[PDB]
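Beneath this line is the structure, given in structure tokens, with notes to follow.
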Ligand SMILES: [Zn+2]
């Protein structure tokens, strides 16, 4: 099918703004119990964990290379 | 038939620098202008990022040749140029006042 | 006031406007956290714009207290469009328009104050009694 | 006090050597007339800093040492600031030293003075206040006046420190 007529500005605004509610803002922000950095709720920190996971990955690769 | 050449001492009869005398550093025939030593001081930016030190230096901006006149080696007064042939069998340009050879 | 602008960056204006209205009226901290944990293509960009705006606020304006800074205004304009050829079937070519967005951020010092609260009974009893007397 | 300083100015090696350079090159100059004239040029300099005149500051006052203070004041212009300063008083005027260069026909004379400065700074629309109003600060300053010789005019240009 094809549009009968061109859309007015008002209809476009009312359609693209109100019903979609834009982006609903909740609070995901929580302070890390360890380093005190701001991170997401119900989730592990992105500071004191990713570095320890990379150090654990390097230690696992070094142990796997030393065992072989 | 040309007016000003590089290296001569010249006078300025027009502008903020009018009345001052100085040698010519460079002559460009493209934009038709001349540059006088230590004249028409303007700001220029040569910076150093690695050394953190920016350096602003004064420079001479090109001036119109119509506002500049040559200086006769003898009379020392500013004058127009004229083309003549001396008794030595030479093609030369001299002052419209005296007979001193400019070249 | 501290102004910051970014032009000739290619992103959807309508999509960036979603995160643009998000931080409008909101304080610097809340906007930072939001844009950080907001999921979209505009999140990173507007985060960079905000960070640069804060850096300019601190360095240039020499603001004493960073907590006195909030986002007063945010807007997204449309730049030039890059026309590309989208190949379709049966020997027909459509025109794919790649858009652009110019992001503008205006910051004003002082504590942020916004009140959307409106009493229904008071406003009704006032507007009706004033309209009946006019 | 003043006598010993005068002896250190006149009778010391490098200083009297620079004086020799000056007098031998240009006998028409004078040593005693320098501090007062340099004082006047200093007053005019501070007045140029207050009135924010760039042309006179560049041409007359400072040479090649300007871009620091110039970038300072111009950044203050970017932040839209109003700089009002007054420094009329003077106590004791005594020059410091001299350093010259032959090949480039350059010269410098370090001179120190005692001035009471009042510095007031306003910022943007919200009138952000920096400094203090009508407060007689006690300031001891060192300024190096440079001399350069060209054909059209002699160049006397200050250097702040
Ligand atoms: Zn953490």
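Residue numbers (the working numbering), protein chains in the order written: chain A, 1 to 68; chain B, 1001 to 1103; chain C, 2001 to 2134; chain D, 3001 to 3161. We put the beta carbon where it would ideally sit given N, CA and C, even for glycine.
Quiz item: Is residue 3096/D near ligand 1, in the sense that its beta carbon is under 8 Å from a heavy atom of that ligand?
Solution: Residue 3096/D sits at position 96 when you count from the first residue of the fourth chain. Checking every heavy atom of ligand 1 against the Cβ of residue 3096/D, none is found closer than 8 Å.
Practice problem: Say whether chain B places a C-beta atom closer than 9 Å to the C-beta of residue 3058/D. | Solution: Taking the fourth chain and counting its residues from 1, one reaches residue 3058/D at position 58. Residue 3058/D counts as touching chain B.
Quiz item: What residues sit near ligand 1, counting only those whose C-beta is closer than 6 Å to one of its heavy atoms, in chain order?
Solution: 32/A, 34/A, 35/A, 37/A, 45/A, 47/A, 48/A
Quiz item: Along the chain, which unbroken stretches of the alpha helix (DSSP H) at least 4 residues long are found entirely within the region 3066-3126 of chain D?
Solution: 3066-3078
Quiz item: Is residue 2060/C helix, strand or coil when you go by DSSP?
Solution: For the purposes of this step, residue 2060/C is identified with residue 60 of the third chain, where counting begins at 1. Note: residue 2060/C maps to coil in three-state DSSP.
Self-check item: Backbone CA spacing between residue 3061/D and residue 1031/B [nearest angstrom]
Solution: Numbered from 1 along the fourth chain, position 61 holds the residue referred to as residue 3061/D. Numbered from 1 along the second chain, position 31 holds the residue referred to as residue 1031/B. If you take the alpha carbons of residue 3061/D and residue 1031/B, they lie about 33 Å apart.
Quiz item: Expressed to the nearest angstrom, what Euclidean distance is found between the alpha-carbon atoms of residue 3145/D and residue 3153/D?
Solution: The residue you call residue 3145/D lines up with position 145 of the fourth chain. The residue you call residue 3153/D lines up with position 153 of the fourth chain. Going by the C-alpha atoms only, they are around 16 Å apart.
Exercise. Using only alpha-carbon positions, find the residue among 2024/C, 2010/C, 2067/C that is nearest to residue 2080/C.
Key: By 1-based counting over the third chain, the position of residue 2080/C is 80. Here the closest residue by C-alpha is 2010/C.
Quiz prompt | Exposure label - residue 2034/C; buried when at least 16 CB within 10 Å | solution = Position 34 of the third chain holds residue 2034/C. That one is buried.
Quiz item: Using a Cβ-Cβ distance under 9 Å, would residue 18/A count as near chain C?
Solution: Here residue 18/A is taken as the residue at index 18 of the first chain, counted from 1. No, its Cβ sits nowhere closer than 9 Å to a Cβ of chain C.
Self-check item: Positions along the region 1037-1056 of chain B whose CB lies within less than 8 Å of some CB in chain D
Solution: 1037, 1038, 1039, 1041, 1043, 1054, 1055, 1056
Quiz item: In the region 3147-3159 of chain D, which residues sit with their C-beta less than 7 Å from some C-beta in chain B, listed in chain order?
Solution: 3150, 3151, 3152
Quiz item: In chain order, what residues of the same chain lie with their CB nearer than 7 Å to the CB of residue 2008/C, ignoring the 5 residues before and after it?
Solution: In the third chain, the residue the question calls residue 2008/C occupies position 8. For residue 2008/C, where only same-chain residues beyond five positions count, the Cβ hits under 7 Å are 2079, 2100.
Quiz item: Taking all protein chains shown into account, do 16 or more other C-beta atoms lie within 10 angstroms of the C-beta of residue 45/A, making it buried, or fewer, making it exposed?
Solution: Locating residue 45/A in the first chain gives position 45, counting from the first residue. Classification of residue 45/A: buried, given that the 10 Å Cβ count is 16 or more.
Quiz item: Along chain C, which residues have their Cβ under 9 Å away from the Cβ of residue 3103/D?
Solution: Taking the first residue of the fourth chain as position 1, residue 3103/D is located at position 103. Neighbours of residue 3103/D on chain C: none; closest Cβ ~42 Å, over 9 Å.
Quiz item: What residues from the region 3066-3090 of chain D come within 8 Å of chain B, judged by C-beta to C-beta, listed N to C?
Solution: 3066, 3067, 3070, 3071
Self-check item: Residue range of the unbroken beta strand (DSSP E) whose run includes residue 1068/B
Solution: Within the second chain, numbered from 1, the residue matching residue 1068/B stands at position 68. Its beta strand (DSSP E) spans residues 1068-1071.
Exercise. Could you say if the region 3096-3105 of chain D and the region 3061-3075 of chain D meet the contact criterion of at least three C-beta pairs nearer than 8 Å?
Key: no
Self-check item: Collapsed DSSP secondary structure at residue 2075/C in the structure displayed
Solution: Within the third chain, residue 2075/C is the residue found at index 75, counting from 1. Strand at residue 2075/C.
Quiz item: Under 9 Å between C-beta atoms, does residue 1104/B make it to chain D?
Solution: No information on residue 1104/B is available, as it lies outside the stretch 1001 to 1103 that chain B covers here.
Exercise. Starting from the C-beta of residue 2102/C, find all residues in its chain whose C-beta is less than 6 Å away, skip the five residues before and the five after it, and write them out in chain order.
Key: Here the question's residue 2102/C lines up with position 102 in the third chain. If we look at residue 2102/C and ignore the five residues flanking it on each side, its Cβ neighbours are 2007, 2077, 2079.
Quiz item: Taking C-alpha atoms, which residue in 2089/C, 2104/C, 2110/C lies nearest to residue 2047/C?
Solution: Against the third chain, residue 2047/C aligns to sequence position 47. It is 2104/C whose Cα lies nearest to the Cα of residue 2047/C.
Quiz item: Smallest Cα separation from residue 1024/B: which of 1066/B, 1053/B, 1097/B, 1011/B?
Solution: Against the second chain, residue 1024/B aligns to sequence position 24. Ranking 1066/B, 1053/B, 1097/B, 1011/B by Cα distance to residue 1024/B puts 1011/B first.
Quiz item: Going by DSSP, which residues form a beta bridge with residue 1047/B?
Solution: Reading the second chain from its first residue, position 47 is the one you call residue 1047/B. Answer by DSSP bridge pairing, in chain order: 1054/B.
Quiz prompt | Residues near residue 2199/C in its chain [Cβ-Cβ closer than 7 Å; skip 5 each side] | solution = Because residue 2199/C is not part of the residues shown, which for chain C are 2001 to 2134, the question remains open.
Practice problem: Could you tell me whether any Cβ in chain B is nearer than 9 Å to the Cβ of residue 3063/D? | Solution: Here the question's residue 3063/D lines up with position 63 in the fourth chain. Residue 3063/D counts as touching chain B.
Quiz item: If you draw a straight line from the C-alpha of residue 3046/D to the C-alpha of residue 3160/D, how long is it?
Solution: Reading the fourth chain from its first residue, position 46 is the one you call residue 3046/D. Reading the fourth chain from its first residue, position 160 is the one you call residue 3160/D. C-alpha separation (whole angstroms): 11 Å.
Quiz item: Taking the Cβ atom as the reference point for each residue, do residue 1021/B and residue 1071/B lie within a distance shorter than 9 Å?
Solution: Locating residue 1021/B in the second chain gives position 21, where the first residue counts as 1. Locating residue 1071/B in the second chain gives position 71, where the first residue counts as 1. Taking 9 Å as the Cβ cut-off, residue 1021/B and residue 1071/B qualify as a contacting pair.
Quiz item: Counting along the chain, where does the beta strand (DSSP E) carrying residue 1026/B start and finish?
Solution: The residue labelled residue 1026/B in the question sits at position 26 within the second chain. Taken as a continuous stretch (DSSP letters only), the beta strand (DSSP E) holding residue 1026/B covers 1021-1028.
Quiz item: For residue 3092/D, which option in 3148/D, 3141/D, 3008/D, 3155/D has the closest C-alpha, if you only look at C-alpha atoms?
Solution: Taking the first residue of the fourth chain as position 1, residue 3092/D is located at position 92. Residue 3141/D is the option with its Cα nearest to residue 3092/D.
Quiz item: Any idea which residues DSSP pairs residue 2098/C with across the strands?
Solution: The residue labelled residue 2098/C in the question sits at position 98 within the third chain. DSSP output for residue 2098/C lists 2082/C as bridge partner(s).
Quiz item: Using DSSP with H/G/I as helix, E/B as strand and the rest coil, what is residue 2108/C?
Solution: Position 108 of the third chain, counting from 1, holds the residue named residue 2108/C. Strand at residue 2108/C.
Quiz item: Helix, strand or coil: how does DSSP classify residue 3151/D here?
Solution: The residue given as residue 3151/D occupies position 151 in the fourth chain. Three-state result, residue 3151/D: coil.
Exercise. Could you tell me which chain A residues have their CB closer than 7 Å to the CB of residue 2033/C, listed as they occur along the chain?
Key: Sequence index remark: in the third chain, residue 2033/C carries index 33 (1-based). Chain A residues near residue 2033/C: 29, 38.
Quiz item: How long is the line joining the alpha carbons of residue 2062/C and residue 3055/D, rounded to whole angstroms?
Solution: Working through the third chain from its first residue, we reach residue 2062/C at position 62. Working through the fourth chain from its first residue, we reach residue 3055/D at position 55. If you take the alpha carbons of residue 2062/C and residue 3055/D, they lie about 29 Å apart.
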